[PDB]
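Scroll down for the structure; my scribbles are underneath it.
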Amino acid sequence: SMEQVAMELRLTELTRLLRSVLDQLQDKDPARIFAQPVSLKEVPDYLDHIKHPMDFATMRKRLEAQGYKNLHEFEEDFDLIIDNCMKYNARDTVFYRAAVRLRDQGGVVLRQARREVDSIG
Ligand code: NA
């Protein structure tokens with residue numbers, strides 16, 4: 001149907017907007033602390049601590065399969081990156097501190113992307 005094609009164009013356009021959001025968020029992580037999944041070789045107990053791991057590569061895979069239906073879903077995954085790190089790592093670590101910074105600096109990027117998704121429908 002033509003209705004299905006239009007829904008598809010909307011998903012594609014959301015995907016394009018989210019790809020740019022994701023590059024912008026990831027520049028707020030120059031150290032590449034959240035670039036890839038936590039290694040289970042190197043942190044074998046990780047899953048006893050954190051039930052839903054997230055990272056930017058896993059988000060990028062989901063994105064390119066147009067697996068985000070809206071901004072809220074995308075925000076949930078971003079927030080898992082931060083919230084996971086702040087539980088697993090203590091306050092006085094480079095890892096926790098990099099989450100706080102990614103959070104604060106990501107907040108601005110997301111505040112405008114919410115306006116762009118409402119605005120552009
Ligand atoms: Na903790």
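Naming scheme: A, B, ... for chains in displayed order of the structure tokens; residues 1 onward per chain; ligands 1 onward as shown.
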
Excluding residue A:26 and any residue of its chain fewer than 6 positions from it, enumerate the residues within 12 Å of it, using only C-alpha atoms, and give them as an MDAnalysis selection string.
-> chainID A and resid 18:20 32:36 55:57 59:60 78 81 98:99 101:103 105:106 109

Could you pull out the residues sitting within 8 Å of ligand 1, using only C-alpha atoms and all ligand atoms, and write them as a count of residues only?
-> 6

Using backbone DSSP assignments, extract all helix (DSSP H, G or I) residues from chain A; output them as a ChimeraX atom specification.
-> /A:2-27,46-49,56-64,71-88,94-119

Store the residues of this selection in a file with C-alpha atoms, as a tab-separated table (two decimals), in the first residue's frame.
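Dumped to selection_31.tsv:
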```
chain	number	residue	atom	x	y	z
A	2	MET	CA	0.84	3.64	-0.35
A	3	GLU	CA	0.09	4.08	3.41
A	4	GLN	CA	2.88	1.48	4.17
A	5	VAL	CA	5.37	3.27	1.87
A	6	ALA	CA	4.71	6.62	3.65
A	7	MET	CA	5.24	5.01	7.07
A	8	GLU	CA	8.45	3.60	5.63
A	9	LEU	CA	9.63	7.03	4.41
A	10	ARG	CA	8.94	8.41	7.95
A	11	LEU	CA	11.02	5.57	9.51
A	12	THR	CA	13.84	6.25	7.06
A	13	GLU	CA	13.81	9.96	7.81
A	14	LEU	CA	13.81	9.24	11.59
A	15	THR	CA	16.71	6.88	11.05
A	16	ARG	CA	18.66	9.62	9.24
A	17	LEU	CA	18.01	12.13	12.07
A	18	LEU	CA	19.01	9.55	14.74
A	19	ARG	CA	22.24	8.68	12.93
A	20	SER	CA	23.34	12.32	13.22
A	21	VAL	CA	22.18	12.44	16.87
A	22	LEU	CA	24.26	9.31	17.49
A	23	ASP	CA	27.42	10.77	15.92
A	24	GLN	CA	26.92	13.92	17.96
A	25	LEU	CA	26.52	11.89	21.21
A	26	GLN	CA	29.50	9.75	20.49
A	27	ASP	CA	31.76	12.88	19.99
A	46	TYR	CA	29.56	-8.35	34.14
A	47	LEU	CA	26.14	-9.89	33.57
A	48	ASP	CA	25.66	-10.73	37.28
A	49	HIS	CA	25.78	-6.93	37.78
A	56	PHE	CA	27.31	2.80	20.89
A	57	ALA	CA	28.22	-0.01	18.46
A	58	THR	CA	25.16	-2.04	19.52
A	59	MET	CA	22.99	1.10	19.09
A	60	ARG	CA	24.50	1.75	15.67
A	61	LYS	CA	23.64	-1.85	14.56
A	62	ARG	CA	20.05	-1.41	15.71
A	63	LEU	CA	19.85	1.95	13.95
A	64	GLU	CA	21.01	0.67	10.57
A	71	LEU	CA	13.17	8.93	19.71
A	72	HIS	CA	12.04	7.47	23.07
A	73	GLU	CA	13.39	4.03	22.20
A	74	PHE	CA	16.72	5.57	21.18
A	75	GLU	CA	16.88	7.62	24.38
A	76	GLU	CA	16.28	4.46	26.46
A	77	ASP	CA	19.37	2.80	24.94
A	78	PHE	CA	21.48	5.94	25.45
A	79	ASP	CA	20.38	6.17	29.02
A	80	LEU	CA	21.30	2.47	29.60
A	81	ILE	CA	24.90	3.28	28.48
A	82	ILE	CA	25.09	5.93	31.24
A	83	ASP	CA	23.10	4.29	33.93
A	84	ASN	CA	24.87	0.93	33.57
A	85	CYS	CA	28.24	2.60	33.95
A	86	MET	CA	27.23	4.59	37.00
A	87	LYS	CA	26.16	1.42	38.80
A	88	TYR	CA	28.99	-0.86	37.85
A	94	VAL	CA	37.47	7.58	35.12
A	95	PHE	CA	34.55	5.46	33.84
A	96	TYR	CA	31.88	6.97	36.11
A	97	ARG	CA	33.22	10.45	35.49
A	98	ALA	CA	33.03	9.98	31.71
A	99	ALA	CA	29.37	8.87	32.02
A	100	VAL	CA	28.46	12.02	33.96
A	101	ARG	CA	30.08	14.12	31.22
A	102	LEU	CA	28.38	12.20	28.40
A	103	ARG	CA	25.06	12.62	30.22
A	104	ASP	CA	25.44	16.41	30.71
A	105	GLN	CA	26.74	17.04	27.19
A	106	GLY	CA	24.26	14.61	25.59
A	107	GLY	CA	21.36	16.43	27.35
A	108	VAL	CA	21.75	19.47	25.04
A	109	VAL	CA	21.88	17.37	21.83
A	110	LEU	CA	18.74	15.46	22.95
A	111	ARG	CA	16.83	18.57	24.03
A	112	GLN	CA	17.00	19.82	20.41
A	113	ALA	CA	16.49	16.44	18.73
A	114	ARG	CA	13.15	16.18	20.69
A	115	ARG	CA	12.13	19.52	19.20
A	116	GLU	CA	13.23	18.34	15.63
A	117	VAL	CA	11.24	15.03	15.82
A	118	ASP	CA	8.00	16.78	17.04
A	119	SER	CA	8.54	19.64	14.57
```
